[PDB]
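Only one chain is included here, represented as C-alpha cells and corresponding to the form deposited in one PDB entry.
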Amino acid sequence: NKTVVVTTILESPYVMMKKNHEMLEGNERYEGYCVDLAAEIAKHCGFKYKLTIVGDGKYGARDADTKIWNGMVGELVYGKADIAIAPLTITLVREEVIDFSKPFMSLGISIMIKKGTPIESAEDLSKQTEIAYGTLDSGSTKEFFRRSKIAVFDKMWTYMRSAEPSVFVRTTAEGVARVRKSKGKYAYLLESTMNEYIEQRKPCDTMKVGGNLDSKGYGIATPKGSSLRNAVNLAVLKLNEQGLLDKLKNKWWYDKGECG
C-alpha cells in the first residue's frame, strides 16, 4: 500500500503556493481547488498521496516528430506519476493514451478581452487584424485550433500559426498579462474556467466575451491499467451528487472574488 504520486500544475486557482509554504511540509505547501479536490478524492478512494508539480510546467502534448508526451500527460504515460488532479482537459488524443474520470468541471474555449475591446465573438476575431489573438503554446486550446476540420477555426489557426511576433504564450499568466498590457489589441483564447476566474481578480480589467467555442470538461487522469480508475471515477460522481464540486468552484472562483 503505497503513497500515490499526484501530478498537478501551478495554475490559479487550482494549485497555488501558500503564503507560508517555505515553513510547511509536503502537501501542506499548496492550496487551491485541485488541492482540495485531491484531498477528497484520496479520502473517498482510501489512498495516501503526495502532490507533485509537473516538472516541465506543461499540461500535455505529443511532439509530432519524437512522439514523446510532455507535461502531466507525459508524467502519467511514462510512469512518473500515478494520477493527475489538475485542470486537464479531456481530449480524444489524451483519452487514447490515459484514462479520464467523468469530468469534475465543465469548460469551453472562450475569448478574453481587455474591457472595451470591440470584439463580441470568434467570428469577430477572424474577420479583423488590428487585434492580435493567440492561445497557450502547449495545451488543448492550441490543439483545438490546429486539429479543427471546421472552416472558421481553420481560418483562425492559419492566422495564429503564422503570426509574428508569436501570438502564443507559455503560461496563462503571460496570456492574461499580455491582454492587460496590449491596450485592447490582443485577445486571449483560453478556457472559460480560467477566463471566469480572471474576470473576478483585481484589477478587474478583463472579461469573457461571447459564447464558448466548444463544450468539454476537466477529468482526473490515470495511466491505463491503473487500479485507481474505477474508484476515482465513482468519487467524482459522489462529489458531484453531494454538491461538493459546485461548492469548491464557488469557494475558489467567486466566494473570494475581488471584483464585487
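A residue's number is simply how far along the shown sequence it sits, counting from 1. Rigid core here is just the name for the largest C-alpha set that superposes within 1.5 Å across the two forms.
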{"query": "Selected stretch [higher average CA B-factor]: 125-133 or 88-96", "finding": "125-133"}
{"query": "Per the entry, higher mean C-alpha B factor between 201-209 and 215-223", "finding": "201-209"}
{"query": "Most elevated Cα B-factor in the entry, residues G184, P103, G108, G71", "finding": "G184"}
{"query": "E196 by Cα B-factor - lowest, middle or highest third of the modelled chain", "finding": "middle"}
{"query": "CA B-factor ranking of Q242, expressed as a third of its chain", "finding": "lowest"}
{"query": "Assigned third (lowest, middle, highest) for the C-alpha B factor of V179", "finding": "highest"}
{"query": "CA B-factor placement of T158, once the chain's modelled residues are sorted into thirds", "finding": "highest"}
{"query": "Third of chain Cα B-factors occupied by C45", "finding": "middle"}
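There is another form of this protein, the form deposited in another entry, and it is not shown here; the text below is about that form.
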property	result
Rigid-core-referenced C-alpha movement of 2 Å or more between this form and the one not shown, selected from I90, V167, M105, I98	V167
Large Cα move at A235 between this form and the one not shown, threshold 2 Å, rigid core	no
Flag for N70, CA shift 2 Å or larger between this form and the one not shown after aligning core	no
Core fit, then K50 C-alpha moves 2 Å or more between this form and the one not shown	no
Closer or farther: C-alpha pair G243/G211 in the other form, relative to this form, given a change of 3 Å or more	closer
